[PDB]
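Residue numbers (the working numbering), protein chains in the order written: chain A, 2 to 427; chain B, 88 to 517. Worksheet: one structure, shown below.
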Amino acid sequence: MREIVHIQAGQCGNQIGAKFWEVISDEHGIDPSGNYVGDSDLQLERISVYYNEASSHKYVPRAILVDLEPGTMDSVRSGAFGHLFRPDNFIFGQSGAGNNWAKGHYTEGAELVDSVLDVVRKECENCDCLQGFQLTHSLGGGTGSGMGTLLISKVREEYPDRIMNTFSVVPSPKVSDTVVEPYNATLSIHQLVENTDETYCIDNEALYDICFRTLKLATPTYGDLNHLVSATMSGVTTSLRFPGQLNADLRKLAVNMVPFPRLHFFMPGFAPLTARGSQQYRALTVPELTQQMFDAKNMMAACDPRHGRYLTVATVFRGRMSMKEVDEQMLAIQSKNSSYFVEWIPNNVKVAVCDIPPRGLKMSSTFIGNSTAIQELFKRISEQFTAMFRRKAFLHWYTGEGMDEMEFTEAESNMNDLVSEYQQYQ
Amino acid sequence: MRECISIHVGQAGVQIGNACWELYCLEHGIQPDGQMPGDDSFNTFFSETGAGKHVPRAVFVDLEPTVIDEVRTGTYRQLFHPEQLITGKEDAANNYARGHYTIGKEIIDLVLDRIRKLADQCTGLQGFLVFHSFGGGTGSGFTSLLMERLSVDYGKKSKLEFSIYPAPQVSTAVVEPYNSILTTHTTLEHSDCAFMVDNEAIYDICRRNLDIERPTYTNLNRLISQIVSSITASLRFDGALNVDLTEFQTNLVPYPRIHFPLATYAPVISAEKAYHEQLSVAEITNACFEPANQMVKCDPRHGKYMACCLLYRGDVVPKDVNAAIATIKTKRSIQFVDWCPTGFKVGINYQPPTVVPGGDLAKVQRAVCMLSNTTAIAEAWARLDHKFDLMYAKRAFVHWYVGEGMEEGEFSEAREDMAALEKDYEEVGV
Ligand SMILES: Nc1nc2c(ncn2[C@@H]2O[C@H](COP(=O)(O)OP(=O)(O)OP(=O)(O)O)[C@@H](O)[C@H]2O)c(=O)[nH]1
Ligand SMILES: Nc1nc2c(ncn2[C@@H]2O[C@H](COP(=O)(O)OP(=O)(O)O)[C@@H](O)[C@H]2O)c(=O)[nH]1
Ligand SMILES: [Mg+2]
């Protein structure tokens, strides 16, 4: 049936991927040993989407792990869920790109992406009907950006009509974990602006603010942010893996959410977000979730949606809910928030409802918006890239890798065209 | 003898179909296993095998397995013939292109052969029933294509369909206008009659009248199922006045290009109010002609009545019925077009409107199903046309359709047809 291939870029891709497959293992009741302990048929019904049937009846998650620094994947294998993946899914080189996009992409990704592509073809042959691919990676990282870029390009080259989406970590505005980030982000975004169907933008800073503020935390680590992001990533796919009303396929969502070919960029959101002990003062209703979702503070992308307008909005619900409540809330919200939505796009909302709530909660929801706040993000990134590019900082590495300046120039031009196109519709 | 084939396309059609066939099974006392522990008008809707196992006559088509698989794992999996359930490996993605053109073309042939064999089993086959959502990709495209094909194949056979009408305010998708417009284009060029239903109006009706909790698609589908079952009940039992579908085609359609009867059902009341409520034919009709009780959000007072059909069930006396109709005619808030001496066609059936077990609707000894044509629906078509006009003016989402094999001139022509429809309604409205 409908099946998805989950490709995990090195580093955060693999880590997030680990937590992601943990979440999925919890969803379908799959034991880390590979055995199915689940009590429901719905779990095994469409399970073939993310899993394969072994002769030993152990469920192999469908994924391909790729990194240039084996240590991470070693840490993954040492993990409890590393046993689920077959040893063939682990594909890596012994030399990291060192946050160099050109190096990885042009040099160190080619061999590995060839091997990975072979494995992809295998996994693709294993599919009855392939819906598409999903890539967990990071903008600004050498391996993720370079190898992800190349791999996605080749994946589209082989599979042009298939669904291409990626969950990408965007550069934080007020902080940075690395330098040179604008270059890598720019190049990656460029090739990803042309080569994908859609992409999701999530910033760790915004996640820190959100989690700390709403969940009342103290010492949160990357695992928690990855847990949340993975909850979202699992959240969007519920309609495919479970029955409900207005079941939304990924490409249908892509069609509904994308008004124009070049602007696919989305800002995810999630509800309910509440701290322990404060939940007792919270009532779970569609209005609550919708109010949490449409709140600017809960946007996981770093920006303020108050500046811009929504071209398209998709809201997917989980658990048993009333259509009337949803409709009324969408209308009311769209009514009071008028002028925050495009005037030439009547009914900006896209609704889908899954009957199965996330484990531990009676109900939940996920928000996916499209707005020019991302144009603001691109303005920032463009500015930083310009500033760094002017004085030719760190350029010697990329030129060392044989990266021509005209590539950077063209990329910048494309970014300018992107933000321009965002300004064109507003 | 007299028989009909019920087609179900899209999740809407399938679910509505499930509720519908359930209600049929209830009315005919048939169990999910096809066993039934005077009514041969059930053979009208059913066939029979060696063991006396009764099977429904229908074809379920969804390009994605989804709800049909849910039905295959459902209670009535023992009822429907496995061959009647046809599923593809992927959806139309709310894209008219795919369903009407790219995907469904590799499917529909099987469905046509299926319907053909089902039609070969028939003797006196009167017509068809097509359940689908209006603006939903699969339903829209596939029903357009299928209606074209069936229109060519079966000719004069009655073609009826129930289309879920996109609401003025609430919307489940952004691309609904495109699909709806293409749909009404290719569908108008073929379909004999189409019943429009607005979920928002159903919400209003149930919530305000039925006084229930904020509902889900279940009870809505049950209500629509009651309406459909009422019509078929007009056909499925011996009343004082029996009405063929051809008679609906005859009476409700003044012109070949205009068929859009609006359904309204009464009584709609809570189980509690039923005791304080006294249902008289006149009162039920009075309730029927109220604008708030319409299954569509279209306001009737912005137009005039061309054709009106009233189907009665259970205990009804035609005397007070015609008396009531006169009393209704005396009302000038309700106005009829000048060139129509009488827009009333009445029918009556002794079979009462049985209620679904676990149903929220009050049990009554009589009920009325109303079908009506007005130009306020043209106003509705106007607002839809406006939405489409804007969305198309900015060429939003068009690249999908185009890339999937559509054309700009196609949308243009559809728009032209819609304009023609508007002006037709306008001219007839005079
Ligand atoms: N009244 C009613 N309408 C429904 C129901 N289910 C779906 N719909 C209508 O269908 C529209 C959504 O599109 P669908 O008909 O579900 O499309 P689909 O069947 O999934 O087929 P695709 O478009 O290819 O995905 C909504 O706007 C609803 O108006 C239902 O159970 N009852
Ligand atoms: N959300 C999330 N982001 C991460 C995680 N680990 C690293 N990152 C991000 O990835 C970036 C580091 O890039 P990296 O993958 O190490 O570059 P590379 O090794 O050359 O491919 C930092 O800016 C982090 O924000 C994680 O566990 N979760
Ligand atoms: Mg569908």
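The beta-carbon is built from N, C-alpha and C at its ideal position, and this holds for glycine as well.
Pick from A:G105, A:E413, A:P88, A:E23: whose alpha carbon is nearest that of A:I382?
By one-based count along the first sequence, residue 382 of chain A stands at place 381. When each option's Cα is compared against that of A:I382, the closest is A:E413.
Using beta carbons (cut-off 8 Å, strictly below), is B:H95 in contact with chain A?
Within the second sequence, residue 95 of chain B is the residue found at index 8, counting from 1. B:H95 has a beta carbon lying at 8 Å or more from every beta carbon in chain A.
Measuring alpha carbon to alpha carbon, tell me which residue in A:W102, A:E422, A:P269 is nearest A:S146.
Along the first sequence, read from residue 1 onward, the residue named residue 146 of chain A stands at position 145. Among A:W102, A:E422, A:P269, the Cα nearest to that of A:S146 is on A:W102.
Could you give the C-beta distance for A:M148 and A:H106, rounded to a whole number, given that I count them as a contact under 8 Å?
Within the first sequence, residue 148 of chain A is the residue found at index 147, counting from 1. Within the first sequence, residue 106 of chain A is the residue found at index 105, counting from 1. Indeed, because the Cβ distance is near 7 Å, the residues count as touching under 8 Å.
List the DSSP bridge partners of A:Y311.
The sequence position of residue 311 of chain A within the first sequence is 310, counting from 1. Beta-bridge partners assigned by DSSP to A:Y311: A:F342.
Assumed close pair A:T222, A:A10 - CB separation to whole angstroms, cut-off 8 Å:
Taking the first residue of the first sequence as position 1, residue 222 of chain A is located at position 221. Taking the first residue of the first sequence as position 1, residue 10 of chain A is located at position 9. Not confirmed; about 20 Å, so no contact.
Check the Cβ of A:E199 against every Cβ in chain B and list those closer than 7 Å, keeping chain order.
Counting from one through the first sequence, the residue named residue 199 of chain A turns up at place 198. Counting only Cβ-Cβ distances below 7 Å, A:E199 has no contacts in chain B at all, with the closest Cβ about 13 Å away.
Could you check whether B:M88 and B:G211 sit closer than 8 Å to each other, using their CB atoms as the reference points?
As a working mapping, residue 211 of chain B is identified with position 124 in the second sequence. As a working mapping, residue 88 of chain B is identified with position 1 in the second sequence. For B:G211 and B:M88, yes; Cβs fall inside 8 Å.
In chain A, what lies closer than 7 Å to B:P152 by C-beta?
Indexing the second sequence from 1 puts residue 152 of chain B at position 65. Going along chain A in sequence order, the residues near B:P152 (Cβ under 7 Å) are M2.
Taking DSSP as the reference, what is the three-state secondary structure of A:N166?
Residue mapping note: residue 166 of chain A aligns to position 165 of the first sequence, counting from 1. Annotated three-state conformation of A:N166 is strand, per DSSP.
Can you name, in chain order, every residue of its own chain whose Cβ lies under 7 Å from the Cβ of B:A374, other than the five neighbours on each side?
The residue given as residue 374 of chain B occupies position 287 in the second sequence. The answer, listed in chain order, is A353, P354, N380.
CB of residue 436 of chain A to nearest heavy atom of ligand 2: below 7 Å?
This structure cannot speak to residue 436 of chain A, because chain A is shown only from 2 to 427.
If you measure beta-carbon to beta-carbon, which residues of the region 454-470 of chain B are closer than 8 Å to chain A?
Closer than 8 Å at the C-beta level to chain A, one finds no residue of the region 454-470 of chain B.
List, from N- to C-terminal side, the alpha helix (DSSP H) runs of 4 residues or more that fit wholly inside the region 333-363 of chain B.
At a cut-off of 4 residues, the continuous stretches assigned as alpha helix (DSSP H) that sit fully inside the region 333-363 of chain B are 360-363.
Does B:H219 get closer than 8 Å to chain C when you measure Cβ to Cβ?
Judged by its chain identifiers, the structure shown contains no chain C, and its protein chains are A and B.
Nearest CA to the CA of B:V239: which residue from B:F249, B:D279, B:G224, B:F221?
As a first step, residue 239 of chain B is located in the second sequence; it is residue number 152 there, counting from the start. When only C-alpha atoms are compared, the closest one is B:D279.
Does the beta-carbon of B:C395 have 16 or more other beta-carbons within 10 angstroms, so that it is buried, or is it exposed?
Start at 1 with the first residue of the second sequence, and residue 395 of chain B comes out as number 308. Buried is the call here.
Are the region 382-399 of chain A and the region 322-331 of chain A touching by the rule of at least three beta carbon pairs closer than 8 Å?
Touching, no.
Where does B:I421 fall in DSSP's three states?
Taking the second sequence and counting its residues from 1, one reaches residue 421 of chain B at position 334. Per DSSP, reduced to three states, the secondary structure at B:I421 is coil, with no helix or strand assignment.
Mark A:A186 as exposed unless 16 or more other C-beta atoms lie within 10 angstroms of its C-beta, in which case mark it buried.
Indexing the first sequence from 1 puts residue 186 of chain A at position 185. Classification for A:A186: buried.
Assuming contact is defined by CB atoms lying nearer than 8 Å, are A:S240 and A:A353 in contact in what I supplied?
Here the question's residue 240 of chain A lines up with position 239 in the first sequence. Here the question's residue 353 of chain A lines up with position 352 in the first sequence. Yes, they are a contact pair.
Using a Cβ-Cβ distance under 8 Å, would A:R242 count as near chain B?
Numbered from its first residue, the first sequence carries residue 242 of chain A at position 241. No Cβ of chain B is located within less than 8 Å of the beta carbon of A:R242.
Under the three-state DSSP convention, the category residue 1 of chain A falls into
This structure cannot speak to residue 1 of chain A, because chain A is shown only from 2 to 427.
Does the separation of the CB atoms of residue 533 of chain B and B:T270 fall below 8 Å?
Chain B is shown from 88 up to 517; residue 533 of chain B falls before or after that span and cannot be answered.
Spatial neighbours of A:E377 within its chain, please: C-beta separation below 6 Å, excluding the five flanking residues on both sides.
For the purposes of this step, residue 377 of chain A is taken as the residue at position 376 of the first sequence. If you ignore the 5 residues before and after A:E377, its C-beta comes within less than 6 Å of the C-beta of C304, all in its own chain and listed in chain order.
With respect to 7 Å, is the separation between the Cβ of residue 518 of chain B and the closest non-hydrogen atom of ligand 3 below this value?
With chain B covering only 88 through 517, there is no way to say anything about residue 518 of chain B.
Just how far apart, CA to CA, sit A:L419 and A:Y426?
The count along the first sequence starts at 1 and reaches residue 419 of chain A at position 418. The count along the first sequence starts at 1 and reaches residue 426 of chain A at position 425. Cα to Cα, A:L419 sits roughly 11 Å from A:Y426.
Find the residues of chain B that neighbour A:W345, judging by a C-beta separation of less than 9 Å, and give them in chain order.
Position 344 of the first sequence, counting from 1, holds the residue named residue 345 of chain A. Within 9 Å Cβ-Cβ: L477, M478, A480, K481, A483.
Looking at the structure shown, is residue 586 of chain B part of a helix, part of a strand, or coil, going by DSSP?
The question about residue 586 of chain B has no answer here: the residues shown for chain B are numbered 88 through 517.
CA-to-CA distance, B:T351 to B:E364, given in whole angstroms
For the purposes of this step, residue 364 of chain B is identified with residue 277 of the second sequence, where counting begins at 1. For the purposes of this step, residue 351 of chain B is identified with residue 264 of the second sequence, where counting begins at 1. Each residue's Cα considered, the two are about 19 Å apart.
Are there three or more Cβ pairs, one per stretch, closer than 8 Å when the region 431-441 of chain B is compared with the region 402-409 of chain B?
These segments touch.
Mind pulling the chain A residues with CB within less than 8 Å of B:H486?
The residue labelled residue 486 of chain B in the question sits at position 399 within the second sequence. What B:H486 touches in chain A: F261, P262.
How about B:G97 and B:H219: are their beta carbons less than 8 Å apart?
As a position in the second sequence, residue 97 of chain B is number 10, starting the count at 1. As a position in the second sequence, residue 219 of chain B is number 132, starting the count at 1. Taking 8 Å as the Cβ cut-off, B:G97 and B:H219 qualify as a contacting pair.
Taking 7 Å as the line, does the beta carbon of A:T286 fall inside it for any heavy atom of ligand 3?
Start at 1 with the first residue of the first sequence, and residue 286 of chain A comes out as number 285. When distances are taken from the beta-carbon of A:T286 to the heavy atoms of ligand 3, even the shortest one reaches 7 Å or more.
A:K380 by DSSP, collapsed to three states: which one?
To locate residue 380 of chain A, count along the first sequence from 1; it is residue 379. Helix.
Can you confirm whether residue 484 of chain A, when its beta carbon is compared against all beta carbons of chain B, has any partner nearer than 8 Å?
With chain A represented from 2 up to 427, any question about residue 484 of chain A goes unanswered, as that position is not in the structure.
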